[PDB]
Amino acid sequence: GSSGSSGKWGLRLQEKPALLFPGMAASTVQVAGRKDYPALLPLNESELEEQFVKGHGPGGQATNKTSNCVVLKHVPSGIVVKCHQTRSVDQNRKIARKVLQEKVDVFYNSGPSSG
């Protein structure tokens, strides 16, 4: 075997610390809080397609009969509705339009329903 040594002497220096300065304290935007800003959306009546019931085809049970049942649906939303309030087609149209408007509103303000 063998051995050895190394008397590595040395010196050092230092001084007192100095002062510092403060930093900025900015701010930023927050969440919306709410999430249902829109409601009862404008349903353009000139953008809809209606249908009229004259009877029903062979379907066994039920098989609807001739009535002033006006049918209305939303094109982009595909939601359909069948209302019958009076014997007047144009009165039933209005009533069908308002009920469809309520349904399309939530379909735009929210998502689908199980699908």
# chains A, B, ... in the order shown; residues from 1 in each chain; ligands from 1

call {"tool": "residues_around", "arguments": {"residues": "residue A:85", "least_positions_apart": "2", "cutoff": "9 Å", "atoms": "only C-alpha atoms", "output": "PDB file with N, CA, C and O atoms, in the first residue's frame"}}
result
ATOM      1  N   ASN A  68    -107.233  19.590 -35.966  1.00  0.00           N
ATOM      2  CA  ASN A  68    -106.471  20.793 -36.338  1.00  0.00           C
ATOM      3  C   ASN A  68    -105.095  20.805 -35.642  1.00  0.00           C
ATOM      4  O   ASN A  68    -104.606  21.846 -35.197  1.00  0.00           O
ATOM      5  N   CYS A  69    -104.528  19.626 -35.372  1.00  0.00           N
ATOM      6  CA  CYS A  69    -103.245  19.479 -34.717  1.00  0.00           C
ATOM      7  C   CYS A  69    -102.176  19.993 -35.677  1.00  0.00           C
ATOM      8  O   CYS A  69    -101.979  19.432 -36.760  1.00  0.00           O
ATOM      9  N   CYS A  83     -99.142  20.516 -30.924  1.00  0.00           N
ATOM     10  CA  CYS A  83    -100.097  21.238 -30.101  1.00  0.00           C
ATOM     11  C   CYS A  83    -101.458  21.302 -30.804  1.00  0.00           C
ATOM     12  O   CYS A  83    -101.546  21.186 -32.032  1.00  0.00           O
ATOM     13  N   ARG A  87    -109.605  25.305 -33.225  1.00  0.00           N
ATOM     14  CA  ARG A  87    -109.956  24.821 -34.561  1.00  0.00           C
ATOM     15  C   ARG A  87    -109.334  25.707 -35.648  1.00  0.00           C
ATOM     16  O   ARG A  87    -109.574  25.455 -36.828  1.00  0.00           O
ATOM     17  N   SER A  88    -108.618  26.768 -35.280  1.00  0.00           N
ATOM     18  CA  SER A  88    -107.995  27.708 -36.190  1.00  0.00           C
ATOM     19  C   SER A  88    -106.520  27.361 -36.368  1.00  0.00           C
ATOM     20  O   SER A  88    -105.743  27.439 -35.415  1.00  0.00           O
ATOM     21  N   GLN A  91    -103.997  30.096 -35.310  1.00  0.00           N
ATOM     22  CA  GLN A  91    -103.957  30.365 -33.887  1.00  0.00           C
ATOM     23  C   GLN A  91    -103.072  29.267 -33.290  1.00  0.00           C
ATOM     24  O   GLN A  91    -102.161  29.554 -32.514  1.00  0.00           O
ATOM     25  N   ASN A  92    -103.303  28.010 -33.692  1.00  0.00           N
ATOM     26  CA  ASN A  92    -102.533  26.865 -33.224  1.00  0.00           C
ATOM     27  C   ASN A  92    -101.057  27.048 -33.578  1.00  0.00           C
ATOM     28  O   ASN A  92    -100.212  26.713 -32.752  1.00  0.00           O
ATOM     29  N   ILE A  95     -99.336  29.313 -30.992  1.00  0.00           N
ATOM     30  CA  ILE A  95     -99.197  28.618 -29.735  1.00  0.00           C
ATOM     31  C   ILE A  95     -98.087  27.561 -29.827  1.00  0.00           C
ATOM     32  O   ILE A  95     -97.367  27.317 -28.859  1.00  0.00           O
TER      33      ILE A  95
END

call {"tool": "atom_distance", "arguments": {"atom1": "atom CA of residue A:115", "atom2": "atom CA of residue A:97"}}
result
24.8 Å

call {"tool": "select_by_dssp", "arguments": {"residues": "chain A", "states": "strand (DSSP E or B)", "output": "number ranges by chain"}}
result
A: 49-52, 70-73, 80-83

call {"tool": "residues_around", "arguments": {"residues": "stretch 78-82 of chain A", "least_positions_apart": "6", "cutoff": "7 Å", "atoms": "only C-alpha atoms", "output": "PDB file with C-alpha atoms, in the first residue's frame"}}
result
ATOM      1  CA  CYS A  69    -103.245  19.479 -34.717  1.00  0.00           C
ATOM      2  CA  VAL A  70    -100.496  21.732 -36.061  1.00  0.00           C
ATOM      3  CA  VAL A  71     -96.967  20.321 -35.892  1.00  0.00           C
ATOM      4  CA  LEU A  72     -93.892  22.540 -35.741  1.00  0.00           C
ATOM      5  CA  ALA A  96     -96.934  25.894 -31.201  1.00  0.00           C
ATOM      6  CA  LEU A 100     -91.107  25.454 -29.290  1.00  0.00           C
TER       7      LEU A 100
END

call {"tool": "atom_distance", "arguments": {"atom1": "atom CA of residue A:67", "atom2": "atom CA of residue A:101"}}
result
23.2 Å

call {"tool": "atom_distance", "arguments": {"atom1": "atom CA of residue A:42", "atom2": "atom CA of residue A:98"}}
result
10.6 Å

call {"tool": "residues_around", "arguments": {"residues": "residue A:76", "least_positions_apart": "5", "cutoff": "12 Å", "atoms": "only C-alpha atoms", "output": "NGL selection string"}}
result
:A and (43-44 or 47-49 or 104 or 107-108)
